[PDB]
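Read through the structure below, which is laid out as structure tokens, and then see the notes.
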Amino acid sequence: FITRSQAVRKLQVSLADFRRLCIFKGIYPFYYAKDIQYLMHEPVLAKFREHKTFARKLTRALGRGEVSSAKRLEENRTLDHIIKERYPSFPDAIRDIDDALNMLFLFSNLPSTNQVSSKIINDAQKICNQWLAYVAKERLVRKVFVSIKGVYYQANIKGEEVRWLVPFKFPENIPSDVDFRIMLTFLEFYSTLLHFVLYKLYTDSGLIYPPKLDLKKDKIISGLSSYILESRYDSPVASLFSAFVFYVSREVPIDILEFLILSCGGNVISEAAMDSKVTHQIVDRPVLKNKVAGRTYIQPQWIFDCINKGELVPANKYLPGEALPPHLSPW
Amino acid sequence: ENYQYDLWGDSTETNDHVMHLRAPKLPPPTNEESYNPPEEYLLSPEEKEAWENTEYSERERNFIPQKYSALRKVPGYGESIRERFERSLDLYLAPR
Amino acid sequence: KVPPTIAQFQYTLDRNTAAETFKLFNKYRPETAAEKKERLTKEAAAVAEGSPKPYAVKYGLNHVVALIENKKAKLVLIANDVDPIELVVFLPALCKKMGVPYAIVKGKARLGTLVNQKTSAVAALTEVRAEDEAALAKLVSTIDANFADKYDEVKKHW
Amino acid sequence: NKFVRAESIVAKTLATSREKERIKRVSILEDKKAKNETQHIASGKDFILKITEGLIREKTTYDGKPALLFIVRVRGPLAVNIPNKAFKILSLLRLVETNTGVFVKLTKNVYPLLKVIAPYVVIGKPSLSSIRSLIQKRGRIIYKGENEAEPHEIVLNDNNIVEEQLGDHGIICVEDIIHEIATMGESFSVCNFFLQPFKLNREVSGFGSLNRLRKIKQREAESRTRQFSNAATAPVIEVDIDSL
């Protein structure tokens, strides 16, 4: 048995690069001697050393005072084949996609900062939007759980029952304790895997990939509903609210509610969207000053309970301002 | 024009040939840590003080259950990043 | 001690004057291999589908020496850390005899950075644009008082 | 600590003198225009220039209609000490902090003031989606902390805080502030003060090896996109501020 020090000495690789290789190979710790020998042949290590040498070359070019040379060196410069061996079959990738989805959702809400490139945040947001569009089109969601740390969304992709957490839309705190470098390396692999899986699903059974954002709608209603795509009943969650227009007040976020209703098959319009067959409306204010009978005023909890049950329970214990019933875990 | 190829293709076999692929140990379902949980799990001031007394690494119950009849009343959560970072660290930084 | 001809170095352009000279020289960087290649490829592509001399600094030792003794060169830079000192001992005296102003700059490596070469040991300029001709003349005039008048007794200090 | 070079101070003095000369002329022209001294001026009316992506410019006459605007600091001119005339305006608008932003409402009187400080900042009309994203993902809020002190400007952590601070104008959640900012609501000024700064993320924030080249590219692209016209009659330059 060898240790991390011996592996680093033999591989002649940096600590960060060593951690990246271990993550890409899942070499859990002492370290597996029989696996380090196989790790001795790795094109990723060759690419890392080439990039390290290119960094020194670029520093030399900058020091010599030649912008054109630096530009040429920078322009003249993957995990695709790594996934081939660590995910033997699609079901395993689907099962392990929980962590990738959670990381992407968490990073999509992270504000841009010096420690995290804005491009990474944009890519994470795009991946999350693509995943939301795919889920809505397939209506594979079966249960919804709301928690203090977010909404514990889950999907039944091929019966996997994956549970992906959706963080609340709020300014995310940035504690210095978390090392973004490791998080960035994890996010890169997770994003590549999610892109591969989304492309495969879209081509095999889904829609055109990659989907393009609705430019006209992206100016006003950017989000899940701002996506346009085209192709080329198994649960109540895919049949509830059929053709029902579920209005939403300004208090509740349309992005969360719109996803569920669109997956079920209904429609959602928010008062702030403009900034009709309005059969239902959601209100959370202490006083229903509007006091309109045309729009059925029901607390949003009934949508979650109906989705988790499927019987379209009436608004008995859902009146505006009325205490909601306990949200018992469906598991 | 990248990623336009079936990475997996036809495949119906698992890693059972080499049993070193430890299970990811994905987190189990929730335990009533909802924004509107049963009133019996409404942490009392004494229970809240006891929970606050415990420090990190000894908080198996890592949530303070509370009832919020209004969605707007839900407070913001800033510890999500730290908890998931700890999970990522523990994913591969533990002997197996 | 060193002979009178040696120690004529170690007295060189000051930081301000050296910085000004580098700034003026940095405006006449000769076309590098990549720039020349891309320009020639663009010209060929334009020709297939259907300007005056490029002013630049002179740095080759043979080319610089040939420019000197002909009064063509207007300014000359001398590297002080040249390992074969014999290559540079006669350059200052030769320039003085020819009356061509020159300024010694510390560091062959520093000198070479202005021509995209590791080391050149020499640098000079003959052609200059109108926008920079006045600056070059002012720098040459300043260098006179900076160096020649400050070390008129350079023959001493064995 | 660091020694001050003669060249640097001389350059600062020259740039300050040029900016003061420009600002005096701009103020005189604006005062004459306010007095309706159309007898002899370069242009009776005013224009707002727009730059969009290859790169083309657009010019349109100023329209007397209020509109929501966002302004961010551009960190310059590089070597000009801000004169008191513009320093007071910047301090009042609290945009002096580098890379900081704030929302304002366009008005007939506001536009001349913006014209004077237009080079110092970047202005434009952000989209509704961009405004919503910025509000829900950023924005400082000064409040009294728990009991004693008020340094906690971090974030709008809880909606109940917004209800407590004001409670009266129906501002109970962040979406209310978003609506009052997008729409020409009366509470725009109230919430505008509540969110004095908008500390947008700065640039690459470092030098590094490749980061130095990235910074150089950004600086050279700024000259090709932004430009210090210095003309007393320079039309206001609008850009796609949402590109961030």
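The numbers here are math on the coordinates, done by the rules we state, and not lab data. Reconstructed Cβ throughout: ideal geometry from the backbone, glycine too, with neighbour counts over all protein chains shown.
Considering each residue of segment A:151-182, count those that are over 27 Å from D:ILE178 (Cβ atoms), of a type in the set (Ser, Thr, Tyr) and crowded, with 16+ Cβ neighbours inside 10 Å, and give that number.
Matching residues across segment A:151-182 total 0.
Which condition from (1) surrounded by fewer than 17 Cβ atoms within 10 Å (Cβ to Cβ); (2) more than 14 Å from chain D (Cβ to nearest Cβ) is the one that A:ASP17 breaks?
The single condition A:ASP17 does not satisfy is (1).
Going through A:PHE241, A:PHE180 one at a time, which residue ends up being under 18 Å from the mean Cα position of the chain (by Cα) and within 30 Å of B:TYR35 (Cβ to Cβ)?
Just one listed residue meets the conditions, A:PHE180.
For the structure I just gave you, tell me whether C:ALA134 is surrounded by fewer than 16 Cβ atoms within 10 Å (Cβ to Cβ) and under 19 Å from C:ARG29 (Cα atoms).
So C:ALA134 fits the description; yes.
Of the conditions (1) within 25 Å of D:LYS199 (Cβ to Cβ); (2) touching a strand residue (DSSP E or B) at 6+ places or on another chain (Cβ under 8 Å); (3) β-branched (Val, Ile, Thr), D:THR52 clears all except one; give me its number.
(1)
Filter segment A:294-315 down to residues that are within 12 Å of chain B (Cβ to nearest Cβ) and in a loop (DSSP other than H, G, I, E, B), then give me how many there are.
Residues meeting the conditions: 2.
Of the residues C:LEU87, C:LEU139, C:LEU94, which single one is over 27 Å from C:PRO4 (Cα atoms) and part of a helix (DSSP H, G or I)?
Of the residues listed, the single one that is over 27 Å from C:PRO4 (Cα atoms) and part of a helix (DSSP H, G or I) is C:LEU139.
For A:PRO111, all conditions in the list (1) in a helix (DSSP H, G or I); (2) facing chain D (nearest Cβ under 9 Å); (3) closer than 30 Å to D:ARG140 by Cα hold save one; what is the number of the exception?
Every condition holds for A:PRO111 apart from (1).
Failed condition for C:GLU31, given (1) within 14 Å of chain A (Cβ to nearest Cβ); (2) more than 18 Å from the chain's Cα centre (by Cα); (3) of a type in the set (D, E, K, R), with all others met?
In the conditions (1) within 14 Å of chain A (Cβ to nearest Cβ); (2) more than 18 Å from the chain's Cα centre (by Cα); (3) of a type in the set (D, E, K, R), C:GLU31 misses (2) alone.
Which count do you get for residues in segment A:141-192 that are more than 8 Å from chain B (Cβ to nearest Cβ), on the phi < 0 side of the Ramachandran plot, of a type in the set (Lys, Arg) and not in a loop (DSSP other than H, G, I, E, B)?
1
I'm checking my understanding of the structure. Among residues of segment A:88-108 that are aromatic (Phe, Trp, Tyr) and more than 7 Å from every other protein chain (Cβ to nearest Cβ), which one is farthest from D:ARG138 (Cα to Cα)?
The selected residue is A:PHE105.
Of all residues in segment B:75-92, how many are of a type in the set (A, V, I, L, M, F, W, C) and within 7 Å of chain A (Cβ to nearest Cβ)?
Residues meeting the conditions: 2.
Filter segment A:194-232 for residues that are within 14 Å of chain D (Cβ to nearest Cβ) and out of contact with any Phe, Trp or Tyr (no Cβ under 8 Å at 6 or more places or on another chain) and give the result.
Across segment A:194-232, the qualifying residues are A:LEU215, A:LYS216, A:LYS217, A:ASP218, A:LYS219, A:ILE220, A:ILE221, A:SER222, A:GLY223, A:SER225, A:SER226, A:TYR227.
Is segment B:41-63 home to any residue that is loosely packed, with under 10 Cβ neighbours inside 10 Å, at the interface with chain A (Cβ under 8 Å from one of its Cβ atoms) and acidic (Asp, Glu)?
For segment B:41-63, residues loosely packed, with under 10 Cβ neighbours inside 10 Å, at the interface with chain A (Cβ under 8 Å from one of its Cβ atoms) and acidic (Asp, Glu): absent.
Which is closer than 27 Å to D:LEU49 by Cβ and in contact with a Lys or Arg (Cβ under 9 Å, 6 or more places away or on another chain), of D:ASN159, D:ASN109, D:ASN192?
D:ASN192
Working only within segment C:23-72, note down all residues that are under 18 Å from C:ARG129 (Cβ atoms) and surrounded by 13 or more Cβ atoms within 10 Å (Cβ to Cβ).
Across segment C:23-72, the qualifying residues are C:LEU24, C:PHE25, C:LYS27, C:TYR28, C:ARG29, C:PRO30, C:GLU31, C:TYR55, C:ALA56, C:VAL57, C:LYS58, C:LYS72.
Between residues in segment D:221-244 that are surrounded by 17 or more Cβ atoms within 10 Å (Cβ to Cβ) and residues that are assigned to a helix (DSSP H, G or I) and of a type in the set (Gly, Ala, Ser), which pairs lie under 9 Å by C-beta distance while being six or more apart or on different chains?
D:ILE241/D:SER130
Which numbered condition in (1) buried (at least 20 other Cβ atoms within 10 Å of the Cβ); (2) within 13 Å of another protein chain (Cβ to nearest Cβ); (3) in contact with a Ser or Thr (Cβ under 8 Å, 6 or more places away or on another chain) is the only one that D:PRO119 fails?
Only one criterion is unmet by D:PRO119, namely (2).
Quick check on my filter: what residues within segment B:9-30 are over 30 Å from A:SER205 (Cα atoms), within 7 Å of another protein chain (Cβ to nearest Cβ) and either surrounded by fewer than 14 Cβ atoms within 10 Å (Cβ to Cβ) or more than 18 Å from the chain's Cα centre (by Cα) (or both)?
Selection gives B:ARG22 alone.
Restricting to helices (runs of 4 or more DSSP H) lying wholly in segment D:126-233: which have 2 or more residues that are at the interface with chain A (Cβ under 8 Å from one of its Cβ atoms)?
D:128-137, D:174-182, D:210-225
Identify all residues within segment A:41-58 that are outside any helix (DSSP H, G or I) and surrounded by 11 or more Cβ atoms within 10 Å (Cβ to Cβ); write none if there are none.
Hit for segment A:41-58 is A:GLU42, nothing else.
Within segment A:114-140, which residues are within 11 Å of chain D (Cβ to nearest Cβ), buried (at least 18 other Cβ atoms within 10 Å of the Cβ) and more than 29 Å from B:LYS73 (Cα to Cα)?
Of everything in segment A:114-140, just one residue is within 11 Å of chain D (Cβ to nearest Cβ), buried (at least 18 other Cβ atoms within 10 Å of the Cβ) and more than 29 Å from B:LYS73 (Cα to Cα), namely A:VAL116.
Is it the case that segment D:43-55 has a residue that's within 14 Å of chain A (Cβ to nearest Cβ), closer than 22 Å to D:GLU203 by Cα and touching a helix residue (DSSP H, G or I) at 6+ places or on another chain (Cβ under 7 Å)?
No, segment D:43-55 has no match at all.
With respect to D:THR61, determine if the residue is farther than 14 Å from D:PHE198 by Cβ and away from chain A (no Cβ under 14 Å).
yes
Check whether at least one residue in segment B:65-72 is hydroxyl-bearing (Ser, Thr, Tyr), under 27 Å from D:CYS173 (Cα atoms) and part of a helix (DSSP H, G or I), and report yes or no.
No, because not a single residue in segment B:65-72 is hydroxyl-bearing (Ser, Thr, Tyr), under 27 Å from D:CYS173 (Cα atoms) and part of a helix (DSSP H, G or I).
Based on what the data block shows, is A:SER276 facing chain B (nearest Cβ under 10 Å) and part of a loop (DSSP other than H, G, I, E, B)?
no
Look at A:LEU73 and say whether it is closer than 27 Å to B:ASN2 by Cα, within 10 Å of chain D (Cβ to nearest Cβ) and surrounded by 15 or more Cβ atoms within 10 Å (Cβ to Cβ).
yes
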